Amino acid sequence: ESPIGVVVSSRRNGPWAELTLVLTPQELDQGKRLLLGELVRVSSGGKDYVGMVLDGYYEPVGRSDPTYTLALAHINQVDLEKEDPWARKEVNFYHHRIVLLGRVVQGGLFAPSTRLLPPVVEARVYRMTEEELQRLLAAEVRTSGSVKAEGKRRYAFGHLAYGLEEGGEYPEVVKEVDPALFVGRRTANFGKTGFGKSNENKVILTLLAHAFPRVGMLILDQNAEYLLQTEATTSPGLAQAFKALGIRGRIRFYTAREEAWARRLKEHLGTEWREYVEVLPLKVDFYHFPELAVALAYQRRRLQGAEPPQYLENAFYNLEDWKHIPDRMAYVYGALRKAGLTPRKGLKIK
Amino acid sequence: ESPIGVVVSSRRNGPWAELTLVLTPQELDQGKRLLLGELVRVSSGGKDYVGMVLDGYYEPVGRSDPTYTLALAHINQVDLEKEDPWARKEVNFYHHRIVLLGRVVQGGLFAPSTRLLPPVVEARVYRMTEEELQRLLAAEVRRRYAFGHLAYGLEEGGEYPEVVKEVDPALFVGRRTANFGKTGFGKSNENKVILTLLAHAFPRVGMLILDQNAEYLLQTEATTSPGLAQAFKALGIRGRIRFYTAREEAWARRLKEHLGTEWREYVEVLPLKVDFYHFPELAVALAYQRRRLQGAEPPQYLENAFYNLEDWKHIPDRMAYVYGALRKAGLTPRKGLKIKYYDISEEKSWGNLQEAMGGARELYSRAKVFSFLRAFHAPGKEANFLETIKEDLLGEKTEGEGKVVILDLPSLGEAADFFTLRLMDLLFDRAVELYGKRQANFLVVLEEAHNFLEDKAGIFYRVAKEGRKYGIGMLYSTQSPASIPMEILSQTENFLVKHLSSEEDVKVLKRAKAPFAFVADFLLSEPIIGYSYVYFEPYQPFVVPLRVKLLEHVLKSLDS
Amino acid sequence: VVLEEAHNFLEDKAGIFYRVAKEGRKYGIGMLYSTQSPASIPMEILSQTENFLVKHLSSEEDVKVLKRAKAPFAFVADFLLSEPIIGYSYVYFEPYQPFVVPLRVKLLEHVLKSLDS
């Protein structure tokens, strides 16, 4: 509950106000440190600002020659810690750079940046507490002189961390998201492969399903990972999440391997899985939809030369007119039969 | 009244003169400060200049080692305020930079910049008063409505509700206005205020609003900010709004709810149907777009037609094939239409022509490519909204008195861009035809401008370049200024800039206009809603930061 | 609409998926897309996205496009290049979030276990 160091300078660098902090031998020996990207509190003239640690470097303080001092101590086989602490007290300093992001005012509004530059003798830097971090992660930009809306429920999405350093993780400082941020808007999930994309997406989809039961989803499962846990992991899928949450009759799974998928669903959801997932086929009878077959054959790979066939082109448009003439429809049905599509039992042409 | 600090240096830094100010420990202890971007008075040699605070930094004064002194005081557990009043007296200085913008002369005129550089012992810096700020905001280089009031960020002591900037709503008529800013920071309110002021002040100027977001007619489902129809109802303007849409029933159900049972006195709802026997270029282009979106590789005949229909228009043999293609697709023509391969409208001559009958020949067979056009097809010329809007905005009978045409672009789906481009081209051609007899005298309200101004061979680009000759004004919003050509950026007359999320977007502003060099850094790190930087050429000295008034208050002031 | 490997579908500016990503907000259609390569996504789509969840990226081109699209991501671009941490994300939701937030995202197991209480 004390200042971390001493502020020795401040200025305006580009669009941001920054200040310089010096950690002295007392702080350094007591094990006090600042992490890059850490959020701190800055008090200046009875007002609190949010600051971020941007830099750290070593510089001499006063009239000293740290290189010569340390080299001489090393040469003379002198231990600075146990022996001769007076020379160790004059080199044990460190410098940090801190940017002022803004401040929290009124009932949680965020006022960004600042137009007031703090004098050196006024500013002080404090380590932010857990409650302050919780109140800071909930601040939002808003119209001045208004009142926060409040209301709709929020869910925990993650907790604050500063990398993999010990002491840089705050399991109690969670960020809570209103799932309405995801409905009707665009979300981008960037990053390399294998770093958490699937878990993030599944959490988002589960939160949407729990909070907005009237919003549907169309998932184009290219990797086959949004229904059940994969053999190369044990993270549950949407079907298991919905079974845990008690949501029935919402998942319609369209596939062409219904037997295998139902086999897996039986083992992963029990004998009652028909109440949570509904399996449907991705196969069609081309004798009922000859236009689909024509379009498929017309829009195929077209290796090398990109010239669609003229006969297929003509058929693509005129097949709808041909349907009123059995003499013309018999050729299409015979084409399918000769290609090798097994018809129904009792299909009759004229 | 006394000077703030002491001037210790001056110089010329590029196209401007600047000076350095120092605040001493006594003044700092008294609580005196300078806000960045604040306007101050500079007295030098009997003359008064306007200055702006650009910078602030800490620097040692005299012979001292502030870092060593402060570190040692911290180490020894000493309180400077109490235990050592003298150690705190040698390190408590602060430095500021002030740029001289010009001076106010004679009868409220402004002389920009300066050619004299003040000696250090002559200059003094004073804090502006409200009367001086009011007189300075009205100066120009050579009725009105309140637009906003002066404010410096969100800082306490940086807002002046009485320092109001008032604009004559004639700097918007016939000129170019740019509205830049991130989404959700005041663009809608600013645009609606400008349009309401224009409508009230000049009842003889028409508007063409290309409403991509459907937000200008009625209050949206998010906020309660009044729409333009409700503003007109409040102001008592009758018989001026023509709303073209493809969902007249749905829109008339909302209009009654919001405007009462008399809503028909303020708005006329009209359909958005066209005739493809008179605009077959739209048919061909829409078919071409409808392909390559459900796949790829538009056919050779379709690609040929898309480019050579204009040449086909002079060969009746080739034109008849396109007309027959539309007729087979099933678009009802108007009675009396004939081709010279025949009364295509007549139910019997069509059979003879079809039995009687190249790229056009190939396109004839594939007649179903136009089927979807039946969604927005209608025969005749009274149905043609392209013609109806043309007479609404440039009619011989409807001279003056203004008309506000608003398009419901979303209801058009995929054809909105083509329809808008065709309408703009038609209107520009008519306005060029009318030159020498009367002026077009209307304003085009364009959203997502970066999509239409990108290419220099476009109708909207040509309108931006040459509209001022025929009295056509433009008001465009883009949110991404870096996508707008620098010629248009430099030729634009009015600028309203809000918080921008891109450094390149901020940079282009200064590269286009020099006076915007002093606010670029503020724009990139201050997400404030309703806070704008305004610059109206050619009589405004410098950019002014404003809190813009709301439409509700503007209406409440206009009523009385 | 939940779409994977969005760079295969959003690159074509005459395509239905580009059209949906550009105009779907007018009809109440959202989109959630994952690419692992922002430099491939068109800048017009990037500038119009609302929510960002960014994990480790190994390409300076990707970091440059990220910072060009969204200025607030300039404070963490150096961490993103040099720190391959699994489960560590930088989140930014528009338009009223002050700064980008680094998070350990909760696991689905924990979310399910806490949603039943």
# chains A, B, ... in the order shown; residues from 1 in each chain; ligands from 1
call {"tool": "residues_around", "arguments": {"residues": "residue 12 (chain C)", "least_positions_apart": "5", "cutoff": "12 Å", "atoms": "only C-alpha atoms", "output": "list in words"}}
result
residues 292, 293, 295 and 296 of chain B; 6, 7, 17, 18, 19, 20, 21, 40, 41, 42 and 45 of chain C
call {"tool": "interface_residues", "arguments": {"of": "chain A", "to": "chain B", "cutoff": "8 Å", "atoms": "only C-alpha atoms", "output": "PyMOL selection string"}}
result
chain A and resi 5-12+14-16+22+24+26+61-62+111-117+119-121+141-144+299+314+317-318
call {"tool": "write_last_selection", "arguments": {"atoms": "N, CA and C atoms", "output": "compact mmCIF listing (two decimals), in the first residue's frame"}}
result
# COMPACT_ATOMS: atom_id res chain seq x y z
N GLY A 5 8.08 3.19 -6.65
CA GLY A 5 9.35 3.85 -6.82
C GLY A 5 9.26 5.35 -6.67
N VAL A 6 10.00 6.08 -7.49
CA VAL A 6 9.96 7.54 -7.51
C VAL A 6 9.86 7.99 -8.96
N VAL A 7 8.96 8.92 -9.23
CA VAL A 7 8.78 9.48 -10.56
C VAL A 7 9.78 10.61 -10.75
N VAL A 8 10.55 10.55 -11.83
CA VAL A 8 11.64 11.49 -12.07
C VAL A 8 11.45 12.30 -13.34
N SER A 9 10.40 12.04 -14.12
CA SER A 9 10.19 12.79 -15.35
C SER A 9 8.85 12.39 -15.95
N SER A 10 8.27 13.30 -16.72
CA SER A 10 7.04 13.03 -17.45
C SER A 10 7.04 13.88 -18.71
N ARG A 11 6.25 13.45 -19.69
CA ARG A 11 6.17 14.18 -20.95
C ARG A 11 5.03 13.64 -21.79
N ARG A 12 4.85 14.24 -22.96
CA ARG A 12 3.88 13.82 -23.95
C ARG A 12 4.63 13.26 -25.16
N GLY A 14 4.10 11.62 -28.60
CA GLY A 14 3.07 11.42 -29.60
C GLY A 14 1.69 11.66 -29.04
N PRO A 15 0.79 10.69 -29.23
CA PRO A 15 -0.57 10.83 -28.71
C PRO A 15 -0.75 10.41 -27.26
N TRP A 16 0.32 10.04 -26.55
CA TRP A 16 0.18 9.48 -25.21
C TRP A 16 1.08 10.21 -24.23
N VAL A 22 11.68 5.18 -11.33
CA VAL A 22 12.96 4.64 -10.92
C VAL A 22 12.75 3.77 -9.69
N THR A 24 14.61 1.89 -6.71
CA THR A 24 15.84 2.13 -5.98
C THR A 24 16.34 0.84 -5.34
N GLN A 26 16.39 -0.13 -2.29
CA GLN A 26 15.49 -0.70 -1.29
C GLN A 26 14.40 -1.54 -1.94
N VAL A 61 22.64 6.62 -12.22
CA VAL A 61 21.97 7.63 -11.41
C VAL A 61 23.04 8.44 -10.69
N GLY A 62 23.03 9.75 -10.88
CA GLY A 62 24.03 10.60 -10.27
C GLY A 62 25.35 10.56 -11.04
N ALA A 111 -12.70 7.80 -19.24
CA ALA A 111 -12.22 8.99 -19.93
C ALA A 111 -10.84 8.68 -20.47
N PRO A 112 -10.65 8.65 -21.79
CA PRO A 112 -9.37 8.20 -22.35
C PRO A 112 -8.29 9.27 -22.32
N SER A 113 -7.05 8.81 -22.25
CA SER A 113 -5.86 9.66 -22.30
C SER A 113 -6.00 10.77 -21.27
N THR A 114 -5.38 11.92 -21.52
CA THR A 114 -5.44 13.05 -20.61
C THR A 114 -4.90 14.29 -21.32
N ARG A 115 -5.42 15.45 -20.92
CA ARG A 115 -4.91 16.73 -21.37
C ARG A 115 -4.05 17.42 -20.32
N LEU A 116 -3.85 16.79 -19.16
CA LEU A 116 -3.11 17.37 -18.05
C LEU A 116 -1.87 16.53 -17.79
N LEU A 117 -0.71 17.15 -17.89
CA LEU A 117 0.56 16.45 -17.66
C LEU A 117 1.00 16.64 -16.21
N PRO A 119 3.17 17.10 -12.88
CA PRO A 119 4.52 17.45 -12.42
C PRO A 119 5.15 16.30 -11.65
N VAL A 120 6.49 16.29 -11.64
CA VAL A 120 7.21 15.13 -11.12
C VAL A 120 6.96 14.96 -9.63
N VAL A 121 7.00 16.05 -8.86
CA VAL A 121 6.85 15.94 -7.41
C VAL A 121 5.46 15.51 -6.99
N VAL A 141 -16.40 3.01 -22.48
CA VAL A 141 -16.61 4.34 -23.06
C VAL A 141 -18.10 4.59 -23.20
N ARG A 142 -18.53 5.79 -22.80
CA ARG A 142 -19.95 6.10 -22.77
C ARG A 142 -20.13 7.60 -22.91
N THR A 143 -21.36 8.00 -23.23
CA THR A 143 -21.67 9.42 -23.36
C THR A 143 -21.54 10.11 -22.01
N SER A 144 -20.98 11.31 -22.02
CA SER A 144 -20.70 12.02 -20.78
C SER A 144 -22.00 12.46 -20.11
N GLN A 299 -20.71 -27.51 -62.85
CA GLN A 299 -19.83 -26.72 -62.00
C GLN A 299 -18.68 -27.55 -61.44
N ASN A 314 -26.51 -25.89 -72.32
CA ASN A 314 -27.88 -25.84 -72.83
C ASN A 314 -28.84 -26.56 -71.90
N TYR A 317 -30.04 -24.70 -68.50
CA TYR A 317 -31.15 -23.75 -68.57
C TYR A 317 -32.44 -24.39 -69.07
N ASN A 318 -32.37 -25.28 -70.07
CA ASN A 318 -33.60 -25.74 -70.70
C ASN A 318 -34.19 -26.99 -70.07
call {"tool": "residues_around", "arguments": {"residues": "residue 105 (chain C)", "least_positions_apart": "5", "cutoff": "8 Å", "atoms": "only C-alpha atoms", "output": "count of residues only"}}
result
7
call {"tool": "residues_around", "arguments": {"residues": "residue 402 (chain B)", "least_positions_apart": "3", "cutoff": "10 Å", "atoms": "only C-alpha atoms", "output": "list in words"}}
result
residues 199, 202, 203, 204, 205, 206, 207, 239, 240, 241, 392, 393, 394, 398, 399, 405, 441 and 442 of chain B
call {"tool": "select_by_dssp", "arguments": {"residues": "region 320-550 of chain B", "states": "strand (DSSP E or B)", "output": "PyMOL selection string"}}
result
chain B and resi 338+343+377+404-408+442-447+472-477+494-497+531-536+544-548
call {"tool": "write_last_selection", "arguments": {"atoms": "C-alpha atoms", "output": "PDB file, in the first residue's frame"}}
result
ATOM      1  CA  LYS B 338     -43.130  -3.134 -81.106  1.00  0.00           C
ATOM      2  CA  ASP B 343     -46.575  -6.135 -81.463  1.00  0.00           C
ATOM      3  CA  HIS B 377     -40.184  -5.503 -62.700  1.00  0.00           C
ATOM      4  CA  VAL B 404     -36.483  15.317 -49.995  1.00  0.00           C
ATOM      5  CA  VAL B 405     -36.214  11.950 -51.765  1.00  0.00           C
ATOM      6  CA  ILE B 406     -35.110   9.079 -49.513  1.00  0.00           C
ATOM      7  CA  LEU B 407     -34.271   5.643 -50.926  1.00  0.00           C
ATOM      8  CA  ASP B 408     -34.766   2.433 -48.922  1.00  0.00           C
ATOM      9  CA  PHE B 442     -29.896  19.694 -54.676  1.00  0.00           C
ATOM     10  CA  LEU B 443     -27.702  17.766 -52.252  1.00  0.00           C
ATOM     11  CA  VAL B 444     -26.633  14.114 -52.478  1.00  0.00           C
ATOM     12  CA  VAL B 445     -26.259  12.342 -49.118  1.00  0.00           C
ATOM     13  CA  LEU B 446     -23.854   9.420 -49.559  1.00  0.00           C
ATOM     14  CA  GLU B 447     -22.876   6.786 -46.987  1.00  0.00           C
ATOM     15  CA  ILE B 472     -25.185  19.766 -56.935  1.00  0.00           C
ATOM     16  CA  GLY B 473     -23.770  19.475 -53.428  1.00  0.00           C
ATOM     17  CA  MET B 474     -22.360  16.357 -51.795  1.00  0.00           C
ATOM     18  CA  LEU B 475     -22.288  15.186 -48.173  1.00  0.00           C
ATOM     19  CA  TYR B 476     -20.331  11.946 -47.808  1.00  0.00           C
ATOM     20  CA  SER B 477     -19.438   9.734 -44.843  1.00  0.00           C
ATOM     21  CA  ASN B 494     -16.248  21.270 -45.061  1.00  0.00           C
ATOM     22  CA  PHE B 495     -14.694  18.757 -42.656  1.00  0.00           C
ATOM     23  CA  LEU B 496     -16.211  17.145 -39.559  1.00  0.00           C
ATOM     24  CA  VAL B 497     -13.848  14.595 -37.996  1.00  0.00           C
ATOM     25  CA  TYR B 531     -16.811  15.229 -29.788  1.00  0.00           C
ATOM     26  CA  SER B 532     -15.927  16.597 -33.221  1.00  0.00           C
ATOM     27  CA  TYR B 533     -13.270  18.691 -34.950  1.00  0.00           C
ATOM     28  CA  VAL B 534     -14.865  21.073 -37.443  1.00  0.00           C
ATOM     29  CA  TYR B 535     -13.198  23.026 -40.235  1.00  0.00           C
ATOM     30  CA  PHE B 536     -15.210  25.092 -42.740  1.00  0.00           C
ATOM     31  CA  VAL B 544     -12.301  23.985 -33.777  1.00  0.00           C
ATOM     32  CA  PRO B 545     -13.133  21.191 -31.285  1.00  0.00           C
ATOM     33  CA  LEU B 546     -16.843  21.106 -30.469  1.00  0.00           C
ATOM     34  CA  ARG B 547     -19.429  19.271 -28.433  1.00  0.00           C
ATOM     35  CA  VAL B 548     -22.178  19.102 -31.046  1.00  0.00           C
TER      36      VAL B 548
END
call {"tool": "select_by_dssp", "arguments": {"residues": "region 68-97 of chain C", "states": "alpha helix (DSSP H)", "output": "ChimeraX atom specification"}}
result
/C:68-69,77-82
call {"tool": "write_last_selection", "arguments": {"atoms": "N, CA and C atoms", "output": "PDB file, in the first residue's frame"}}
result
ATOM      1  N   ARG C  68      -2.622  -2.172 -38.421  1.00  0.00           N
ATOM      2  CA  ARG C  68      -3.195  -1.244 -39.388  1.00  0.00           C
ATOM      3  C   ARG C  68      -4.711  -1.189 -39.262  1.00  0.00           C
ATOM      4  N   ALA C  69      -5.354  -2.346 -39.100  1.00  0.00           N
ATOM      5  CA  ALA C  69      -6.804  -2.365 -38.951  1.00  0.00           C
ATOM      6  C   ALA C  69      -7.237  -1.735 -37.633  1.00  0.00           C
ATOM      7  N   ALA C  77       1.672  -5.954 -30.008  1.00  0.00           N
ATOM      8  CA  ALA C  77       2.185  -6.574 -31.224  1.00  0.00           C
ATOM      9  C   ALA C  77       3.536  -7.237 -30.996  1.00  0.00           C
ATOM     10  N   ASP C  78       4.341  -6.710 -30.072  1.00  0.00           N
ATOM     11  CA  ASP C  78       5.641  -7.315 -29.800  1.00  0.00           C
ATOM     12  C   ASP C  78       5.501  -8.613 -29.016  1.00  0.00           C
ATOM     13  N   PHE C  79       4.573  -8.662 -28.057  1.00  0.00           N
ATOM     14  CA  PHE C  79       4.306  -9.914 -27.357  1.00  0.00           C
ATOM     15  C   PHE C  79       3.772 -10.973 -28.310  1.00  0.00           C
ATOM     16  N   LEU C  80       2.854 -10.585 -29.200  1.00  0.00           N
ATOM     17  CA  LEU C  80       2.236 -11.560 -30.093  1.00  0.00           C
ATOM     18  C   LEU C  80       3.267 -12.273 -30.958  1.00  0.00           C
ATOM     19  N   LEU C  81       4.286 -11.555 -31.428  1.00  0.00           N
ATOM     20  CA  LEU C  81       5.287 -12.160 -32.299  1.00  0.00           C
ATOM     21  C   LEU C  81       6.185 -13.140 -31.557  1.00  0.00           C
ATOM     22  N   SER C  82       6.550 -12.828 -30.317  1.00  0.00           N
ATOM     23  CA  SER C  82       7.629 -13.529 -29.639  1.00  0.00           C
ATOM     24  C   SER C  82       7.169 -14.504 -28.565  1.00  0.00           C
TER      25      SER C  82
END
call {"tool": "residues_around", "arguments": {"residues": "residue 448 (chain B)", "least_positions_apart": "3", "cutoff": "9 Å", "atoms": "only C-alpha atoms", "output": "PDB file with N, CA, C and O atoms, in the first residue's frame"}}
result
ATOM      1  N   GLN B 212     -28.343   3.613 -46.931  1.00  0.00           N
ATOM      2  CA  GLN B 212     -27.919   2.219 -46.887  1.00  0.00           C
ATOM      3  C   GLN B 212     -28.285   1.539 -45.575  1.00  0.00           C
ATOM      4  O   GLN B 212     -28.557   0.335 -45.565  1.00  0.00           O
ATOM      5  N   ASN B 451     -16.682   3.247 -50.982  1.00  0.00           N
ATOM      6  CA  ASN B 451     -17.067   2.247 -51.969  1.00  0.00           C
ATOM      7  C   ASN B 451     -17.366   2.846 -53.336  1.00  0.00           C
ATOM      8  O   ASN B 451     -17.252   2.139 -54.342  1.00  0.00           O
ATOM      9  N   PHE B 452     -17.747   4.125 -53.400  1.00  0.00           N
ATOM     10  CA  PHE B 452     -18.154   4.743 -54.654  1.00  0.00           C
ATOM     11  C   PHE B 452     -17.165   5.761 -55.199  1.00  0.00           C
ATOM     12  O   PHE B 452     -17.178   6.017 -56.406  1.00  0.00           O
ATOM     13  N   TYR B 476     -20.739  13.344 -47.798  1.00  0.00           N
ATOM     14  CA  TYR B 476     -20.331  11.946 -47.808  1.00  0.00           C
ATOM     15  C   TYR B 476     -19.675  11.537 -46.494  1.00  0.00           C
ATOM     16  O   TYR B 476     -18.908  12.302 -45.896  1.00  0.00           O
ATOM     17  N   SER B 477     -20.003  10.325 -46.050  1.00  0.00           N
ATOM     18  CA  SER B 477     -19.438   9.734 -44.843  1.00  0.00           C
ATOM     19  C   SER B 477     -18.751   8.425 -45.202  1.00  0.00           C
ATOM     20  O   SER B 477     -19.328   7.595 -45.909  1.00  0.00           O
ATOM     21  N   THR B 478     -17.523   8.240 -44.721  1.00  0.00           N
ATOM     22  CA  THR B 478     -16.767   7.053 -45.119  1.00  0.00           C
ATOM     23  C   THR B 478     -16.207   6.251 -43.953  1.00  0.00           C
ATOM     24  O   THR B 478     -16.172   5.022 -44.032  1.00  0.00           O
ATOM     25  N   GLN B 479     -15.751   6.909 -42.888  1.00  0.00           N
ATOM     26  CA  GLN B 479     -15.156   6.225 -41.743  1.00  0.00           C
ATOM     27  C   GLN B 479     -13.751   5.709 -42.042  1.00  0.00           C
ATOM     28  O   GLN B 479     -13.048   5.254 -41.135  1.00  0.00           O
ATOM     29  N   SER B 480     -13.320   5.790 -43.298  1.00  0.00           N
ATOM     30  CA  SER B 480     -11.982   5.354 -43.703  1.00  0.00           C
ATOM     31  C   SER B 480     -11.409   6.358 -44.690  1.00  0.00           C
ATOM     32  O   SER B 480     -11.276   6.077 -45.888  1.00  0.00           O
TER      33      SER B 480
END
call {"tool": "residues_around", "arguments": {"residues": "region 336-346 of chain A", "least_positions_apart": "3", "cutoff": "10 Å", "atoms": "only C-alpha atoms", "output": "list in words"}}
result
residues 285, 286, 287, 290, 293, 330, 331, 332, 333 and 349 of chain A
call {"tool": "closest_atom_pairs", "arguments": {"of": "chain C", "to": "chain A", "cutoff": "6 Å", "atoms": "only C-alpha atoms", "output": "CSV"}}
result
residue,atom,partner,partner_atom,distance
C:1,CA,A:218,CA,5.0
C:2,CA,A:219,CA,4.6
C:3,CA,A:220,CA,5.8
C:25,CA,A:184,CA,5.7
C:28,CA,A:184,CA,5.1
C:29,CA,A:184,CA,5.1
C:30,CA,A:184,CA,4.0
C:31,CA,A:186,CA,5.0
C:32,CA,A:187,CA,4.6
C:33,CA,A:188,CA,5.3
C:34,CA,A:189,CA,4.6
C:35,CA,A:190,CA,5.9
C:36,CA,A:191,CA,4.6
C:49,CA,A:186,CA,5.0
C:50,CA,A:186,CA,5.4
C:51,CA,A:187,CA,4.5
C:52,CA,A:188,CA,5.0
C:53,CA,A:189,CA,4.9
C:54,CA,A:190,CA,4.7
C:55,CA,A:191,CA,4.2
C:56,CA,A:191,CA,5.1
C:57,CA,A:191,CA,5.3
C:86,CA,A:195,CA,4.5
C:87,CA,A:196,CA,5.0
C:96,CA,A:141,CA,4.7
C:97,CA,A:140,CA,5.6
C:103,CA,A:160,CA,4.8
C:104,CA,A:158,CA,5.2
C:105,CA,A:158,CA,4.1
C:106,CA,A:158,CA,4.9
C:108,CA,A:203,CA,5.7
call {"tool": "atom_distance", "arguments": {"atom1": "CA of residue 21 (chain B)", "atom2": "CA of residue 52 (chain B)"}}
result
12.0 Å
call {"tool": "residues_around", "arguments": {"residues": "region 414-423 of chain B", "least_positions_apart": "2", "cutoff": "9 Å", "atoms": "only C-alpha atoms", "output": "list in words"}}
result
residues 210, 212, 282, 285, 286, 289, 290, 386, 387, 389, 390, 409, 410, 411, 412, 425, 426, 427, 428, 458, 459 and 460 of chain B
call {"tool": "closest_residue", "arguments": {"among": "C:47, C:58, C:37, C:117", "to": "chain B", "atoms": "only C-alpha atoms"}}
result
C:47
call {"tool": "interface_residues", "arguments": {"of": "chain C", "to": "chain B", "cutoff": "6 Å", "atoms": "only C-alpha atoms", "output": "ChimeraX atom specification"}}
result
/C:14-16,71
call {"tool": "write_last_selection", "arguments": {"atoms": "C-alpha atoms", "output": "compact mmCIF listing (two decimals), in the first residue's frame"}}
result
# COMPACT_ATOMS: atom_id res chain seq x y z
CA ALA C 14 -17.82 -11.26 -55.97
CA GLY C 15 -18.74 -14.22 -53.76
CA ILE C 16 -21.72 -14.90 -51.55
CA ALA C 71 -4.64 0.88 -33.59
call {"tool": "decode", "arguments": {"residues": "region 102-114 of chain C", "atoms": "N, CA, C and O atoms", "output": "PDB file, in the first residue's frame"}}
result
ATOM      1  N   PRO C 102      -5.490  -8.951 -22.147  1.00  0.00           N
ATOM      2  CA  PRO C 102      -4.946 -10.314 -22.223  1.00  0.00           C
ATOM      3  C   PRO C 102      -5.612 -11.259 -21.234  1.00  0.00           C
ATOM      4  O   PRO C 102      -5.758 -10.924 -20.056  1.00  0.00           O
ATOM      5  N   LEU C 103      -6.014 -12.442 -21.694  1.00  0.00           N
ATOM      6  CA  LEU C 103      -6.797 -13.369 -20.892  1.00  0.00           C
ATOM      7  C   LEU C 103      -6.303 -14.799 -21.058  1.00  0.00           C
ATOM      8  O   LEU C 103      -5.833 -15.201 -22.128  1.00  0.00           O
ATOM      9  N   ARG C 104      -6.416 -15.563 -19.973  1.00  0.00           N
ATOM     10  CA  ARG C 104      -6.500 -17.019 -20.036  1.00  0.00           C
ATOM     11  C   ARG C 104      -7.979 -17.348 -20.165  1.00  0.00           C
ATOM     12  O   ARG C 104      -8.768 -17.062 -19.260  1.00  0.00           O
ATOM     13  N   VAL C 105      -8.363 -17.918 -21.307  1.00  0.00           N
ATOM     14  CA  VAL C 105      -9.763 -18.228 -21.559  1.00  0.00           C
ATOM     15  C   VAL C 105     -10.170 -19.453 -20.754  1.00  0.00           C
ATOM     16  O   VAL C 105      -9.415 -20.429 -20.643  1.00  0.00           O
ATOM     17  N   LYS C 106     -11.370 -19.407 -20.185  1.00  0.00           N
ATOM     18  CA  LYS C 106     -11.861 -20.519 -19.389  1.00  0.00           C
ATOM     19  C   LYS C 106     -12.135 -21.733 -20.268  1.00  0.00           C
ATOM     20  O   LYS C 106     -12.539 -21.614 -21.427  1.00  0.00           O
ATOM     21  N   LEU C 107     -11.901 -22.913 -19.703  1.00  0.00           N
ATOM     22  CA  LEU C 107     -12.177 -24.148 -20.417  1.00  0.00           C
ATOM     23  C   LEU C 107     -13.674 -24.439 -20.429  1.00  0.00           C
ATOM     24  O   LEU C 107     -14.422 -24.024 -19.538  1.00  0.00           O
ATOM     25  N   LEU C 108     -14.108 -25.161 -21.463  1.00  0.00           N
ATOM     26  CA  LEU C 108     -15.518 -25.514 -21.568  1.00  0.00           C
ATOM     27  C   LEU C 108     -15.962 -26.371 -20.393  1.00  0.00           C
ATOM     28  O   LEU C 108     -17.108 -26.262 -19.945  1.00  0.00           O
ATOM     29  N   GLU C 109     -15.074 -27.222 -19.875  1.00  0.00           N
ATOM     30  CA  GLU C 109     -15.417 -28.015 -18.701  1.00  0.00           C
ATOM     31  C   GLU C 109     -15.762 -27.122 -17.518  1.00  0.00           C
ATOM     32  O   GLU C 109     -16.781 -27.329 -16.848  1.00  0.00           O
ATOM     33  N   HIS C 110     -14.927 -26.115 -17.249  1.00  0.00           N
ATOM     34  CA  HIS C 110     -15.199 -25.201 -16.146  1.00  0.00           C
ATOM     35  C   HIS C 110     -16.452 -24.375 -16.396  1.00  0.00           C
ATOM     36  O   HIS C 110     -17.231 -24.137 -15.466  1.00  0.00           O
ATOM     37  N   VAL C 111     -16.665 -23.930 -17.636  1.00  0.00           N
ATOM     38  CA  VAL C 111     -17.865 -23.156 -17.935  1.00  0.00           C
ATOM     39  C   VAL C 111     -19.115 -23.988 -17.679  1.00  0.00           C
ATOM     40  O   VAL C 111     -20.083 -23.510 -17.075  1.00  0.00           O
ATOM     41  N   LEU C 112     -19.117 -25.243 -18.131  1.00  0.00           N
ATOM     42  CA  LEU C 112     -20.263 -26.113 -17.892  1.00  0.00           C
ATOM     43  C   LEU C 112     -20.451 -26.383 -16.406  1.00  0.00           C
ATOM     44  O   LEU C 112     -21.581 -26.368 -15.904  1.00  0.00           O
ATOM     45  N   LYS C 113     -19.357 -26.635 -15.686  1.00  0.00           N
ATOM     46  CA  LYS C 113     -19.447 -26.904 -14.258  1.00  0.00           C
ATOM     47  C   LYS C 113     -19.951 -25.702 -13.472  1.00  0.00           C
ATOM     48  O   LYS C 113     -20.573 -25.884 -12.421  1.00  0.00           O
ATOM     49  N   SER C 114     -19.699 -24.484 -13.949  1.00  0.00           N
ATOM     50  CA  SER C 114     -20.168 -23.288 -13.262  1.00  0.00           C
ATOM     51  C   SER C 114     -21.536 -22.815 -13.737  1.00  0.00           C
ATOM     52  O   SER C 114     -22.172 -22.020 -13.040  1.00  0.00           O
TER      53      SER C 114
END
